[PDB]
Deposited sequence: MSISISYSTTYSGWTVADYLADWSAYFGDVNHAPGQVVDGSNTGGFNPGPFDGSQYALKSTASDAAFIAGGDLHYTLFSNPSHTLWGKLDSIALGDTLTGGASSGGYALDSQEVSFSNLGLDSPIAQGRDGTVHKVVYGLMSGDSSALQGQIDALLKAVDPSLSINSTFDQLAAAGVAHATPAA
C-alpha cells in the first residue's frame, strides 16, 4: 500500500490542493524558463533517483526507483523504469557525489507507488507521464495514480482527502515542521 509522509504544516490541506499549489510554485519548464536539466543519481542517464529544481523558484522534486533515460536510442527521449516514490518540497541538495539527492525542506512524499513502465511504451508510459507532468505544471498524471492507490486501500479516500484524513486511514504520517 501507498505510504505518505507530510510535514505537519500541511495536515489540514487536501492532497489535490497541496499538489496544485506546489505545481504553481514550481512553474512550467516550457512556457517560461547552459540549461537546468536536473540530474540522475548515479547518472548520467539512469539511476535510483532523478531530481529536478525549478528554474523559476526553489521548488524541487525527487523521483525514486529504478529510472532510465533513452536519450537518442530507440525509443528516443523516454523516461522509463520503476517509479517507487515522489518527494516534493523546496531546495534541492546533494547529488551523486554525496550519498544522494535530498530536499532541504521536504514537504510531502508518496512512496510505494508501484509504477512500472517498460521501455516499449516509450513516452506513453505512465512513469514518463508522471515525471514529465511534474515539471510542466500538470500533476494530473501523478494525482491519478495516487487516487487509485488510495481507493485500493479504502474507496472513501481520494486526492480530495486531507492529509489528516489519510493519517486516520493508516497510510500517511506527519513529520515535524521544517
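Participant: Walk along the deposited sequence from position 1 and note every stretch that has no C-alpha coordinates.
Facilitator: Since the structure holds only modelled residues, the stretches it omits are 1, 35-39.
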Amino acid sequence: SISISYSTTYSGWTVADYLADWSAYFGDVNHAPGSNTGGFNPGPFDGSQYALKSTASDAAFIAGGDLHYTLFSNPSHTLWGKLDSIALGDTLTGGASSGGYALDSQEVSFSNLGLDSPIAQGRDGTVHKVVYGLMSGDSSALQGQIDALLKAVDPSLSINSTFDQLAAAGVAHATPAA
From here on, numbers count along this sequence of modelled residues.
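Participant: Please compare 60-68 with 23-31 and say which has the higher mean C-alpha temperature factor in the record.
Facilitator: Going by the record's values, the stretch with the higher mean is 23-31.
Participant: Pick between 126-134 and 34-42: the one whose mean CA B-factor in the entry is higher.
Facilitator: Higher of the two, by average CA B-factor, is 34-42.
Participant: Kindly indicate the residue among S111, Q49, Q121, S54 with the greatest C-alpha B-factor in the PDB record.
Facilitator: Within the set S111, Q49, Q121, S54, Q121 shows the top C-alpha B-factor.
Participant: Check where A87 lands among this chain's C-alpha B-factors and tell me if it's the lowest, middle or highest third.
Facilitator: Its C-alpha B-factor belongs to the lowest third of this chain's values.
Participant: Name the third of the chain's ranked CA B-factors that contains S105, choosing lowest, middle or highest.
Facilitator: Tercile = middle for this residue's CA B-factor.
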